[PDB]
file structure02.pdb (PDB, C-alpha atoms (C1' of nucleotides) and all ligand atoms)
ATOM      1  CA  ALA A   1     -13.874 -29.706  10.484  1.00  0.00           C
ATOM      2  CA  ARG A   2     -14.499 -26.161   9.159  1.00  0.00           C
ATOM      3  CA  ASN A   3     -15.216 -25.427   5.474  1.00  0.00           C
ATOM      4  CA  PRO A   4     -16.363 -21.786   5.402  1.00  0.00           C
ATOM      5  CA  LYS A   5     -17.712 -20.582   2.008  1.00  0.00           C
ATOM      6  CA  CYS A   6     -15.742 -17.404   2.581  1.00  0.00           C
ATOM      7  CA  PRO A   7     -13.449 -16.549   5.536  1.00  0.00           C
ATOM      8  CA  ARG A   8     -14.907 -14.308   8.236  1.00  0.00           C
ATOM      9  CA  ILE A   9     -12.264 -11.580   8.456  1.00  0.00           C
ATOM     10  CA  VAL A  10      -9.455 -11.036   5.917  1.00  0.00           C
ATOM     11  CA  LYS A  11      -6.762  -8.540   6.929  1.00  0.00           C
ATOM     12  CA  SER A  12      -5.451  -7.605   3.504  1.00  0.00           C
ATOM     13  CA  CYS A  13      -3.096  -5.067   5.154  1.00  0.00           C
ATOM     14  CA  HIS A  14       0.638  -5.579   5.475  1.00  0.00           C
ATOM     15  CA  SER A  15       1.313  -7.306   8.785  1.00  0.00           C
ATOM     16  CA  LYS A  16       1.272  -5.196  11.942  1.00  0.00           C
ATOM     17  CA  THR A  17       3.333  -7.834  13.807  1.00  0.00           C
ATOM     18  CA  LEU A  18       6.774  -6.539  14.602  1.00  0.00           C
ATOM     19  CA  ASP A  19       9.524  -6.988  12.004  1.00  0.00           C
ATOM     20  CA  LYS A  20      13.277  -6.661  12.606  1.00  0.00           C
ATOM     21  CA  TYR A  21      12.853  -2.940  12.199  1.00  0.00           C
ATOM     22  CA  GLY A  22      10.560  -2.210  15.113  1.00  0.00           C
ATOM     23  CA  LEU A  23      11.499  -5.256  17.150  1.00  0.00           C
ATOM     24  CA  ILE A  24      15.056  -4.195  17.833  1.00  0.00           C
ATOM     25  CA  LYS A  25      15.146  -0.413  18.259  1.00  0.00           C
ATOM     26  CA  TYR A  26      18.732   0.762  18.817  1.00  0.00           C
ATOM     27  CA  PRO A  27      22.004  -0.114  20.436  1.00  0.00           C
ATOM     28  CA  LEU A  28      22.880   1.297  23.830  1.00  0.00           C
ATOM     29  CA  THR A  29      25.823   3.521  24.524  1.00  0.00           C
ATOM     30  CA  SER A  30      26.287   4.357  28.247  1.00  0.00           C
ATOM     31  CA  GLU A  31      29.542   3.543  29.954  1.00  0.00           C
ATOM     32  CA  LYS A  32      28.242   0.122  30.988  1.00  0.00           C
ATOM     33  CA  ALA A  33      27.374  -0.929  27.493  1.00  0.00           C
ATOM     34  CA  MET A  34      30.652   0.434  26.128  1.00  0.00           C
ATOM     35  CA  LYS A  35      32.521  -1.573  28.762  1.00  0.00           C
ATOM     36  CA  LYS A  36      30.579  -4.689  27.784  1.00  0.00           C
ATOM     37  CA  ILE A  37      31.422  -4.115  24.126  1.00  0.00           C
ATOM     38  CA  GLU A  38      35.098  -3.740  25.000  1.00  0.00           C
ATOM     39  CA  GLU A  39      35.643  -6.566  27.439  1.00  0.00           C
ATOM     40  CA  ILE A  40      33.352  -9.509  26.801  1.00  0.00           C
ATOM     41  CA  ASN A  41      31.963  -8.927  23.258  1.00  0.00           C
ATOM     42  CA  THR A  42      28.367  -8.365  24.361  1.00  0.00           C
ATOM     43  CA  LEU A  43      26.260  -5.863  22.430  1.00  0.00           C
ATOM     44  CA  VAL A  44      23.463  -4.134  24.297  1.00  0.00           C
ATOM     45  CA  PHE A  45      20.264  -3.287  22.373  1.00  0.00           C
ATOM     46  CA  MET A  46      17.097  -1.546  23.482  1.00  0.00           C
ATOM     47  CA  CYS A  47      14.213  -3.534  21.973  1.00  0.00           C
ATOM     48  CA  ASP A  48      10.401  -3.674  21.982  1.00  0.00           C
ATOM     49  CA  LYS A  49       8.673  -4.727  25.206  1.00  0.00           C
ATOM     50  CA  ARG A  50       7.222  -7.643  23.276  1.00  0.00           C
ATOM     51  CA  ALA A  51      10.472  -9.086  21.966  1.00  0.00           C
ATOM     52  CA  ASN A  52      11.343 -12.706  22.918  1.00  0.00           C
ATOM     53  CA  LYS A  53      14.893 -14.044  23.154  1.00  0.00           C
ATOM     54  CA  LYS A  54      14.407 -16.095  19.988  1.00  0.00           C
ATOM     55  CA  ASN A  55      12.913 -13.132  18.208  1.00  0.00           C
ATOM     56  CA  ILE A  56      15.734 -10.821  19.271  1.00  0.00           C
ATOM     57  CA  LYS A  57      18.291 -13.368  18.073  1.00  0.00           C
ATOM     58  CA  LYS A  58      16.548 -13.583  14.710  1.00  0.00           C
ATOM     59  CA  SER A  59      16.500  -9.797  14.432  1.00  0.00           C
ATOM     60  CA  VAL A  60      20.185  -9.571  15.220  1.00  0.00           C
ATOM     61  CA  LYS A  61      20.934 -12.238  12.577  1.00  0.00           C
ATOM     62  CA  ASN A  62      18.944 -10.301  10.021  1.00  0.00           C
ATOM     63  CA  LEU A  63      20.030  -6.780  10.888  1.00  0.00           C
ATOM     64  CA  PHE A  64      23.782  -7.402  11.099  1.00  0.00           C
ATOM     65  CA  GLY A  65      26.541  -9.922  10.381  1.00  0.00           C
ATOM     66  CA  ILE A  66      26.044 -11.138  13.946  1.00  0.00           C
ATOM     67  CA  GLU A  67      25.911 -14.669  15.331  1.00  0.00           C
ATOM     68  CA  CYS A  68      24.783 -14.686  18.979  1.00  0.00           C
ATOM     69  CA  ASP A  69      25.679 -17.436  21.481  1.00  0.00           C
ATOM     70  CA  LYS A  70      23.389 -16.238  24.222  1.00  0.00           C
ATOM     71  CA  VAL A  71      20.906 -13.431  24.761  1.00  0.00           C
ATOM     72  CA  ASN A  72      19.898 -12.173  28.159  1.00  0.00           C
ATOM     73  CA  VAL A  73      17.057  -9.697  28.369  1.00  0.00           C
ATOM     74  CA  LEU A  74      15.383  -7.514  30.917  1.00  0.00           C
ATOM     75  CA  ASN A  75      12.456  -5.065  30.977  1.00  0.00           C
ATOM     76  CA  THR A  76      13.628  -1.569  31.817  1.00  0.00           C
ATOM     77  CA  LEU A  77      11.484   0.687  33.949  1.00  0.00           C
ATOM     78  CA  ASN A  78      11.212   3.005  30.901  1.00  0.00           C
ATOM     79  CA  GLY A  79       9.086   0.467  29.075  1.00  0.00           C
ATOM     80  CA  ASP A  80      11.839  -0.934  26.872  1.00  0.00           C
ATOM     81  CA  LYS A  81      13.516  -4.339  26.803  1.00  0.00           C
ATOM     82  CA  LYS A  82      17.308  -4.226  27.104  1.00  0.00           C
ATOM     83  CA  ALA A  83      18.891  -7.264  25.493  1.00  0.00           C
ATOM     84  CA  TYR A  84      22.453  -8.255  26.345  1.00  0.00           C
ATOM     85  CA  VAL A  85      23.722 -10.207  23.348  1.00  0.00           C
ATOM     86  CA  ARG A  86      26.901 -12.305  23.750  1.00  0.00           C
ATOM     87  CA  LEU A  87      28.501 -12.944  20.347  1.00  0.00           C
ATOM     88  CA  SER A  88      30.017 -16.262  19.228  1.00  0.00           C
ATOM     89  CA  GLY A  89      33.833 -16.376  19.421  1.00  0.00           C
ATOM     90  CA  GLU A  90      34.243 -15.951  15.659  1.00  0.00           C
ATOM     91  CA  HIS A  91      33.088 -12.314  15.855  1.00  0.00           C
ATOM     92  CA  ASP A  92      34.547  -9.252  17.550  1.00  0.00           C
ATOM     93  CA  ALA A  93      31.753  -7.089  18.950  1.00  0.00           C
ATOM     94  CA  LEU A  94      34.091  -4.108  18.628  1.00  0.00           C
ATOM     95  CA  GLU A  95      34.405  -4.604  14.873  1.00  0.00           C
ATOM     96  CA  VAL A  96      30.652  -5.110  14.604  1.00  0.00           C
ATOM     97  CA  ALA A  97      30.117  -2.017  16.777  1.00  0.00           C
ATOM     98  CA  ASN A  98      32.277  -0.042  14.353  1.00  0.00           C
ATOM     99  CA  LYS A  99      30.312  -1.428  11.413  1.00  0.00           C
ATOM    100  CA  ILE A 100      26.984  -0.432  12.939  1.00  0.00           C
ATOM    101  CA  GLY A 101      28.259   2.949  14.110  1.00  0.00           C
TER
ATOM    102  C1'   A B   1      28.575  68.958  64.737  1.00  0.00           C
ATOM    103  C1'   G B   2      24.425  68.585  68.173  1.00  0.00           C
ATOM    104  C1'   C B   3      19.177  67.776  70.334  1.00  0.00           C
ATOM    105  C1'   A B   4      14.984  64.384  71.154  1.00  0.00           C
ATOM    106  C1'   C B   5      13.696  59.408  77.697  1.00  0.00           C
ATOM    107  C1'   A B   6      11.710  54.721  76.230  1.00  0.00           C
ATOM    108  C1'   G B   7       7.140  52.081  76.057  1.00  0.00           C
ATOM    109  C1'   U B   8       1.577  52.339  75.538  1.00  0.00           C
ATOM    110  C1'   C B   9      -2.473  55.027  73.003  1.00  0.00           C
ATOM    111  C1'   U B  10      -4.278  58.424  69.038  1.00  0.00           C
ATOM    112  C1'   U B  11      -4.374  61.144  64.481  1.00  0.00           C
ATOM    113  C1'   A B  12      -2.385  62.363  59.525  1.00  0.00           C
ATOM    114  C1'   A B  13       1.096  61.468  55.538  1.00  0.00           C
ATOM    115  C1'   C B  14       3.975  57.785  53.077  1.00  0.00           C
ATOM    116  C1'   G B  15       4.813  52.546  52.624  1.00  0.00           C
ATOM    117  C1'   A B  16       4.224  46.812  53.742  1.00  0.00           C
ATOM    118  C1'   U B  17       0.492  42.746  54.275  1.00  0.00           C
ATOM    119  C1'   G B  18      -3.638  41.010  52.036  1.00  0.00           C
ATOM    120  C1'   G B  19      -6.822  40.434  47.877  1.00  0.00           C
ATOM    121  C1'   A B  20     -11.863  43.383  48.903  1.00  0.00           C
ATOM    122  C1'   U B  21     -14.090  46.900  45.407  1.00  0.00           C
ATOM    123  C1'   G B  22     -14.583  48.376  40.281  1.00  0.00           C
ATOM    124  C1'   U B  23     -13.778  47.062  35.281  1.00  0.00           C
ATOM    125  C1'   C B  24     -13.588  42.928  32.279  1.00  0.00           C
ATOM    126  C1'   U B  25     -14.906  37.372  30.463  1.00  0.00           C
ATOM    127  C1'   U B  26     -12.864  31.820  24.698  1.00  0.00           C
ATOM    128  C1'   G B  27     -17.031  29.868  31.179  1.00  0.00           C
ATOM    129  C1'   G B  28     -21.571  28.625  33.215  1.00  0.00           C
ATOM    130  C1'   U B  29     -26.903  28.650  33.537  1.00  0.00           C
ATOM    131  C1'   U B  30     -31.736  28.695  31.628  1.00  0.00           C
ATOM    132  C1'   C B  31     -35.143  28.505  27.671  1.00  0.00           C
ATOM    133  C1'   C B  32     -36.015  27.556  22.369  1.00  0.00           C
ATOM    134  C1'   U B  33     -35.106  24.712  17.792  1.00  0.00           C
ATOM    135  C1'   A B  34     -33.052  20.233  15.318  1.00  0.00           C
ATOM    136  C1'   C B  35     -31.824  15.575  15.214  1.00  0.00           C
ATOM    137  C1'   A B  36     -30.526  11.091  17.821  1.00  0.00           C
ATOM    138  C1'   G B  37     -27.807   4.788  19.497  1.00  0.00           C
ATOM    139  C1'   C B  38     -23.146   2.452  19.985  1.00  0.00           C
ATOM    140  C1'   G B  39     -21.759  -2.832  20.028  1.00  0.00           C
ATOM    141  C1'   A B  40     -19.228 -10.177  18.142  1.00  0.00           C
ATOM    142  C1'   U B  41     -18.030  -5.836  11.276  1.00  0.00           C
ATOM    143  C1'   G B  42     -15.619  -6.125  18.925  1.00  0.00           C
ATOM    144  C1'   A B  43     -18.943  -0.792  21.834  1.00  0.00           C
ATOM    145  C1'   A B  44     -18.524   2.530  25.943  1.00  0.00           C
ATOM    146  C1'   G B  45     -14.949   2.176  29.731  1.00  0.00           C
ATOM    147  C1'   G B  46      -9.763   0.978  30.987  1.00  0.00           C
ATOM    148  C1'   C B  47      -4.641   0.254  30.083  1.00  0.00           C
ATOM    149  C1'   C B  48      -0.215   0.679  27.210  1.00  0.00           C
ATOM    150  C1'   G B  49       2.012   3.409  23.711  1.00  0.00           C
ATOM    151  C1'   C B  50       3.084   7.432  19.683  1.00  0.00           C
ATOM    152  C1'   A B  51       6.861  13.813  18.746  1.00  0.00           C
ATOM    153  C1'   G B  52      13.880  15.219  16.697  1.00  0.00           C
ATOM    154  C1'   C B  53      14.546  18.063  21.387  1.00  0.00           C
ATOM    155  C1'   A B  54       7.940  16.036  24.791  1.00  0.00           C
ATOM    156  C1'   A B  55       5.731  15.993  31.433  1.00  0.00           C
ATOM    157  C1'   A B  56       0.330  17.094  31.595  1.00  0.00           C
ATOM    158  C1'   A B  57      -3.843  17.912  28.908  1.00  0.00           C
ATOM    159  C1'   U B  58      -5.137  17.790  23.641  1.00  0.00           C
ATOM    160  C1'   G B  59      -4.831  14.488  19.246  1.00  0.00           C
ATOM    161  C1'   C B  60      -3.685   9.867  17.572  1.00  0.00           C
ATOM    162  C1'   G B  61      -2.797   3.929  17.344  1.00  0.00           C
ATOM    163  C1'   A B  62       3.313   0.114  15.476  1.00  0.00           C
ATOM    164  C1'   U B  63       0.984   4.023   8.843  1.00  0.00           C
ATOM    165  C1'   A B  64       0.597   6.475  16.305  1.00  0.00           C
ATOM    166  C1'   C B  65       0.190  15.026  18.004  1.00  0.00           C
ATOM    167  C1'   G B  66      -0.753  11.705  12.116  1.00  0.00           C
ATOM    168  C1'   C B  67      -1.488   8.544   6.294  1.00  0.00           C
ATOM    169  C1'   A B  68      -4.529   8.877   1.890  1.00  0.00           C
ATOM    170  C1'   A B  69      -8.355  11.726  -0.562  1.00  0.00           C
ATOM    171  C1'   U B  70     -11.049  16.265  -1.146  1.00  0.00           C
ATOM    172  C1'   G B  71     -11.404  22.055  -0.348  1.00  0.00           C
ATOM    173  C1'   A B  72      -8.552  25.901   0.825  1.00  0.00           C
ATOM    174  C1'   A B  73      -3.715  26.924  -0.157  1.00  0.00           C
ATOM    175  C1'   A B  74       2.704  29.509   1.284  1.00  0.00           C
ATOM    176  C1'   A B  75       4.196  28.838   4.945  1.00  0.00           C
ATOM    177  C1'   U B  76       5.713  26.193   9.675  1.00  0.00           C
ATOM    178  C1'   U B  77       8.625  28.121  13.491  1.00  0.00           C
ATOM    179  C1'   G B  78      11.340  27.922  20.692  1.00  0.00           C
ATOM    180  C1'   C B  79      15.603  25.794  17.962  1.00  0.00           C
ATOM    181  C1'   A B  80      16.487  21.891  14.474  1.00  0.00           C
ATOM    182  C1'   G B  81      14.459  20.734   9.932  1.00  0.00           C
ATOM    183  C1'   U B  82      10.552  20.479   6.111  1.00  0.00           C
ATOM    184  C1'   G B  83       8.205  23.208   2.158  1.00  0.00           C
ATOM    185  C1'   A B  84       6.166  26.607  -1.937  1.00  0.00           C
ATOM    186  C1'   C B  85       7.472  29.879  -6.678  1.00  0.00           C
ATOM    187  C1'   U B  86       0.605  23.240  -6.372  1.00  0.00           C
ATOM    188  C1'   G B  87      -1.601  15.534  -4.305  1.00  0.00           C
ATOM    189  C1'   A B  88       4.137  19.027  -1.293  1.00  0.00           C
ATOM    190  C1'   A B  89       4.255  23.772   4.525  1.00  0.00           C
ATOM    191  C1'   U B  90      -0.269  24.649   7.224  1.00  0.00           C
ATOM    192  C1'   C B  91      -5.414  24.461   7.990  1.00  0.00           C
ATOM    193  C1'   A B  92     -10.280  22.619   7.444  1.00  0.00           C
ATOM    194  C1'   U B  93     -12.948  18.513   5.337  1.00  0.00           C
ATOM    195  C1'   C B  94     -12.787  13.354   6.023  1.00  0.00           C
ATOM    196  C1'   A B  95     -16.186   9.210   2.831  1.00  0.00           C
ATOM    197  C1'   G B  96     -10.396   5.696   1.470  1.00  0.00           C
ATOM    198  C1'   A B  97      -6.692   3.168   4.392  1.00  0.00           C
ATOM    199  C1'   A B  98      -5.543   1.846   9.002  1.00  0.00           C
ATOM    200  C1'   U B  99      -7.262   1.294  14.068  1.00  0.00           C
ATOM    201  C1'   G B 100      -1.620  -1.774  20.042  1.00  0.00           C
ATOM    202  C1'   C B 101      -3.411  -4.647  24.747  1.00  0.00           C
ATOM    203  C1'   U B 102      -7.893  -5.158  26.852  1.00  0.00           C
ATOM    204  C1'   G B 103     -13.028  -4.659  28.004  1.00  0.00           C
ATOM    205  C1'   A B 104     -19.907  -7.975  26.617  1.00  0.00           C
ATOM    206  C1'   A B 105     -14.790 -10.315  25.990  1.00  0.00           C
ATOM    207  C1'   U B 106     -16.082 -14.853  23.902  1.00  0.00           C
ATOM    208  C1'   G B 107     -10.336 -21.081  23.797  1.00  0.00           C
ATOM    209  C1'   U B 108      -9.131 -21.924  29.441  1.00  0.00           C
ATOM    210  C1'   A B 109      -7.120 -18.232  32.835  1.00  0.00           C
ATOM    211  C1'   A B 110      -5.787 -13.787  35.559  1.00  0.00           C
ATOM    212  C1'   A B 111      -1.956  -9.720  41.386  1.00  0.00           C
ATOM    213  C1'   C B 112      -0.052 -14.532  35.410  1.00  0.00           C
ATOM    214  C1'   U B 113       1.776 -10.662  29.351  1.00  0.00           C
ATOM    215  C1'   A B 114       0.372 -18.306  32.325  1.00  0.00           C
ATOM    216  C1'   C B 115      -1.667 -22.137  29.230  1.00  0.00           C
ATOM    217  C1'   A B 116      -4.256 -25.393  25.685  1.00  0.00           C
ATOM    218  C1'   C B 117      -5.894 -27.689  21.153  1.00  0.00           C
ATOM    219  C1'   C B 118      -7.128 -27.134  15.497  1.00  0.00           C
ATOM    220  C1'   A B 119      -5.594 -24.866  10.951  1.00  0.00           C
ATOM    221  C1'   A B 120       0.936 -24.072   9.857  1.00  0.00           C
ATOM    222  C1'   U B 121       0.351 -19.075   8.291  1.00  0.00           C
ATOM    223  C1'   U B 122       1.955 -14.962   5.364  1.00  0.00           C
ATOM    224  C1'   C B 123       3.978 -12.348   1.368  1.00  0.00           C
ATOM    225  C1'   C B 124       5.905 -11.846  -3.692  1.00  0.00           C
ATOM    226  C1'   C B 125       6.051 -13.059  -8.998  1.00  0.00           C
ATOM    227  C1'   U B 126       2.725 -15.458 -13.735  1.00  0.00           C
ATOM    228  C1'   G B 127       2.483 -22.443 -11.552  1.00  0.00           C
ATOM    229  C1'   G B 128       7.229 -21.315  -8.958  1.00  0.00           C
ATOM    230  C1'   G B 129      10.088 -18.180  -5.234  1.00  0.00           C
ATOM    231  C1'   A B 130      10.629 -16.072  -0.447  1.00  0.00           C
ATOM    232  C1'   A B 131       9.806 -15.470   4.527  1.00  0.00           C
ATOM    233  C1'   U B 132       8.407 -15.570   9.701  1.00  0.00           C
ATOM    234  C1'   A B 133       6.367 -19.829  16.504  1.00  0.00           C
ATOM    235  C1'   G B 134       4.222 -15.480  13.357  1.00  0.00           C
ATOM    236  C1'   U B 135      -1.164 -15.408  11.904  1.00  0.00           C
ATOM    237  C1'   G B 136      -6.074 -16.862  12.274  1.00  0.00           C
ATOM    238  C1'   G B 137      -9.843 -20.130  14.785  1.00  0.00           C
ATOM    239  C1'   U B 138     -12.130 -22.651  19.207  1.00  0.00           C
ATOM    240  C1'   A B 139     -17.387 -19.418  24.825  1.00  0.00           C
ATOM    241  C1'   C B 140     -22.391 -19.952  26.161  1.00  0.00           C
ATOM    242  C1'   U B 141     -27.586 -19.654  24.611  1.00  0.00           C
ATOM    243  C1'   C B 142     -30.415 -19.722  20.348  1.00  0.00           C
ATOM    244  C1'   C B 143     -32.556 -20.075  15.004  1.00  0.00           C
ATOM    245  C1'   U B 144     -32.752 -22.154   9.808  1.00  0.00           C
ATOM    246  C1'   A B 145     -30.491 -25.709   6.819  1.00  0.00           C
ATOM    247  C1'   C B 146     -27.261 -30.112   6.309  1.00  0.00           C
ATOM    248  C1'   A B 147     -24.802 -34.568   8.252  1.00  0.00           C
ATOM    249  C1'   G B 148     -24.490 -39.475   9.740  1.00  0.00           C
ATOM    250  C1'   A B 149     -25.321 -42.171  14.145  1.00  0.00           C
ATOM    251  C1'   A B 150     -29.072 -43.085  18.363  1.00  0.00           C
ATOM    252  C1'   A B 151     -34.943 -44.847  20.138  1.00  0.00           C
TER
HETATM  253 MG    MG A 201      15.069 -12.702  33.202  1.00  0.00          MG
HETATM  254 MG    MG A 202       8.992  58.692  73.532  1.00  0.00          MG
HETATM  255 MG    MG A 203     -31.886   1.680  20.881  1.00  0.00          MG
HETATM  256 MG    MG A 204      -2.611  14.729   3.122  1.00  0.00          MG
HETATM  257 MG    MG A 205      -4.689  19.595  -1.835  1.00  0.00          MG
HETATM  258 MG    MG A 206     -10.581 -14.693  27.313  1.00  0.00          MG
HETATM  259 MG    MG A 207      -1.282 -17.782  40.167  1.00  0.00          MG
END
call {"tool": "encode", "arguments": {"input": "structure02.pdb", "output": "structure tokens"}}
result
Amino acid sequence: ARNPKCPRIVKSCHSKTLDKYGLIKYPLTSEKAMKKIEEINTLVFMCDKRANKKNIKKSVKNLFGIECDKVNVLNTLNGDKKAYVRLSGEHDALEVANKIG
RNA sequence: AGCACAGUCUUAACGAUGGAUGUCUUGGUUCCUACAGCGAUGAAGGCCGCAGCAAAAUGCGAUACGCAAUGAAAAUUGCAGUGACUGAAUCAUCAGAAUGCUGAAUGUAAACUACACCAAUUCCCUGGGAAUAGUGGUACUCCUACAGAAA
């Protein structure tokens, strides 16, 4: 069991680890994403390469009035994660789209 | 409106082709002088990023072609925008802050963003109130000290 008289390294700086702002970067337009928004209430977000599904969900919860049933993700060949977020039935992605912009 | 045979060869003039010559020169080279190490406080090297419109190089590191601070000091400009009337636009300086993933690489791994285990960790306010699966730590060898067990 450790009992160091002082800790070795103490990062006093504000955390570098990615917050909501930084994790999730921006929604996608593109005809595909628009279609998704219209038809099956799935919002498409470009996110950081090092976002997990859990993390993305958390971000979405924090950044917007969104509850997400399921999140699929993929790594784009442009070095971004694209997260397809299916909203719970209580919410209309269209309305939330409008709210965001 | 006419007249040259055509080809081959030659000469001259005027052009094409090419990049010689000459002229340059933010480069090299040599010599001289001067200092002289970086790294578990994570080096060099490598990746991945980072610009409003951004490929390379250049610079930088999730504060990402820069932050603070200092010394200049009114511009910057391709457009957009940002500034002056001096901690501000731009330079230099650079001591503060920060410094992604790696790499000796060091928790086990490695064509894995695979996997353990131990601390949960972090921030705010003057003992509470908030967050986030996030953050640290754990290599081998060695030294001094301590520990309680072994002969
Ligand atoms: Mg998948
Ligand atoms: Mg003839
Ligand atoms: Mg030496
Ligand atoms: Mg400054
Ligand atoms: Mg000044
Ligand atoms: Mg390792
Ligand atoms: Mg394998």
call {"tool": "interface_residues", "arguments": {"input": "structure02.pdb", "of": "chain A", "to": "chain B", "cutoff": "9 Å", "atoms": "all atoms listed in the file", "output": "MDAnalysis selection string"}}
result
chainID A and resid 1 9 13:19 22 50
call {"tool": "atom_distance", "arguments": {"input": "structure02.pdb", "atom1": "atom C1' of residue B:83", "atom2": "atom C1' of residue B:59"}}
result
23.2 Å
call {"tool": "closest_residue", "arguments": {"input": "structure02.pdb", "among": "B:88, B:4, B:38, B:80", "to": "ligand MG 205 (chain A)", "atoms": "only C-alpha atoms (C1' of nucleotides) and all ligand atoms"}}
result
B:88
call {"tool": "residues_near_ligand", "arguments": {"input": "structure02.pdb", "ligand": "ligand MG 205 (chain A)", "cutoff": "9 Å", "atoms": "all atoms listed in the file", "output": "PDB file with C-alpha atoms (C1' of nucleotides), keeping the file's coordinate frame"}}
result
ATOM      1  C1'   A B  69      -8.355  11.726  -0.562  1.00  0.00           C
ATOM      2  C1'   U B  70     -11.049  16.265  -1.146  1.00  0.00           C
ATOM      3  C1'   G B  71     -11.404  22.055  -0.348  1.00  0.00           C
ATOM      4  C1'   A B  72      -8.552  25.901   0.825  1.00  0.00           C
ATOM      5  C1'   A B  73      -3.715  26.924  -0.157  1.00  0.00           C
ATOM      6  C1'   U B  86       0.605  23.240  -6.372  1.00  0.00           C
ATOM      7  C1'   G B  87      -1.601  15.534  -4.305  1.00  0.00           C
ATOM      8  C1'   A B  88       4.137  19.027  -1.293  1.00  0.00           C
TER       9        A B  88
END
call {"tool": "atom_distance", "arguments": {"input": "structure02.pdb", "atom1": "atom CA of residue A:26", "atom2": "atom CA of residue A:83"}}
result
10.4 Å
call {"tool": "residues_near_ligand", "arguments": {"input": "structure02.pdb", "ligand": "ligand MG 202 (chain A)", "cutoff": "8 Å", "atoms": "only C-alpha atoms (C1' of nucleotides) and all ligand atoms", "output": "number ranges by chain"}}
result
B: 5-7
call {"tool": "atom_distance", "arguments": {"input": "structure02.pdb", "atom1": "atom CA of residue A:67", "atom2": "atom CA of residue A:29"}}
result
20.4 Å
call {"tool": "closest_residue", "arguments": {"input": "structure02.pdb", "among": "A:24, A:100, A:94, A:74", "to": "residue A:48", "atoms": "all atoms listed in the file"}}
result
A:24
call {"tool": "residues_near_point", "arguments": {"input": "structure02.pdb", "point": "(15.2, -15.4, 17.8)", "cutoff": "12 Å", "atoms": "all atoms listed in the file", "output": "list in words"}}
result
residues 19, 20, 23, 24, 51, 52, 53, 54, 55, 56, 57, 58, 59, 60, 61, 62, 67, 68, 69, 70, 71, 72, 83 and 85 of chain A; 132, 133 and 134 of chain B
call {"tool": "write_last_selection", "arguments": {"input": "structure02.pdb", "atoms": "C-alpha atoms (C1' of nucleotides)", "output": "PDB file, in the frame of the given file"}}
result
ATOM      1  CA  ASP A  19       9.524  -6.988  12.004  1.00  0.00           C
ATOM      2  CA  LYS A  20      13.277  -6.661  12.606  1.00  0.00           C
ATOM      3  CA  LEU A  23      11.499  -5.256  17.150  1.00  0.00           C
ATOM      4  CA  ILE A  24      15.056  -4.195  17.833  1.00  0.00           C
ATOM      5  CA  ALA A  51      10.472  -9.086  21.966  1.00  0.00           C
ATOM      6  CA  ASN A  52      11.343 -12.706  22.918  1.00  0.00           C
ATOM      7  CA  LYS A  53      14.893 -14.044  23.154  1.00  0.00           C
ATOM      8  CA  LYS A  54      14.407 -16.095  19.988  1.00  0.00           C
ATOM      9  CA  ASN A  55      12.913 -13.132  18.208  1.00  0.00           C
ATOM     10  CA  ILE A  56      15.734 -10.821  19.271  1.00  0.00           C
ATOM     11  CA  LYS A  57      18.291 -13.368  18.073  1.00  0.00           C
ATOM     12  CA  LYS A  58      16.548 -13.583  14.710  1.00  0.00           C
ATOM     13  CA  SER A  59      16.500  -9.797  14.432  1.00  0.00           C
ATOM     14  CA  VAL A  60      20.185  -9.571  15.220  1.00  0.00           C
ATOM     15  CA  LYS A  61      20.934 -12.238  12.577  1.00  0.00           C
ATOM     16  CA  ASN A  62      18.944 -10.301  10.021  1.00  0.00           C
ATOM     17  CA  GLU A  67      25.911 -14.669  15.331  1.00  0.00           C
ATOM     18  CA  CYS A  68      24.783 -14.686  18.979  1.00  0.00           C
ATOM     19  CA  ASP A  69      25.679 -17.436  21.481  1.00  0.00           C
ATOM     20  CA  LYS A  70      23.389 -16.238  24.222  1.00  0.00           C
ATOM     21  CA  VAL A  71      20.906 -13.431  24.761  1.00  0.00           C
ATOM     22  CA  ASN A  72      19.898 -12.173  28.159  1.00  0.00           C
ATOM     23  CA  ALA A  83      18.891  -7.264  25.493  1.00  0.00           C
ATOM     24  CA  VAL A  85      23.722 -10.207  23.348  1.00  0.00           C
TER      25      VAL A  85
ATOM     26  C1'   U B 132       8.407 -15.570   9.701  1.00  0.00           C
ATOM     27  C1'   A B 133       6.367 -19.829  16.504  1.00  0.00           C
ATOM     28  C1'   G B 134       4.222 -15.480  13.357  1.00  0.00           C
TER      29        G B 134
END
call {"tool": "resolve_selection", "arguments": {"input": "structure02.pdb", "expression": "the PyMOL selection byres (((not hetatm)) within 10 of (chain A and resi 207))", "output": "count of residues only"}}
result
5
call {"tool": "closest_atom_pairs", "arguments": {"input": "structure02.pdb", "of": "chain B", "to": "ligand MG 206 (chain A)", "cutoff": "10 Å", "atoms": "all atoms listed in the file", "output": "CSV"}}
result
residue,atom,partner,partner_atom,distance
B:102,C1',A:MG206,MG,9.9
B:105,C1',A:MG206,MG,6.2
B:106,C1',A:MG206,MG,6.5
B:107,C1',A:MG206,MG,7.3
B:108,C1',A:MG206,MG,7.7
B:109,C1',A:MG206,MG,7.4
B:110,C1',A:MG206,MG,9.6
B:139,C1',A:MG206,MG,8.7
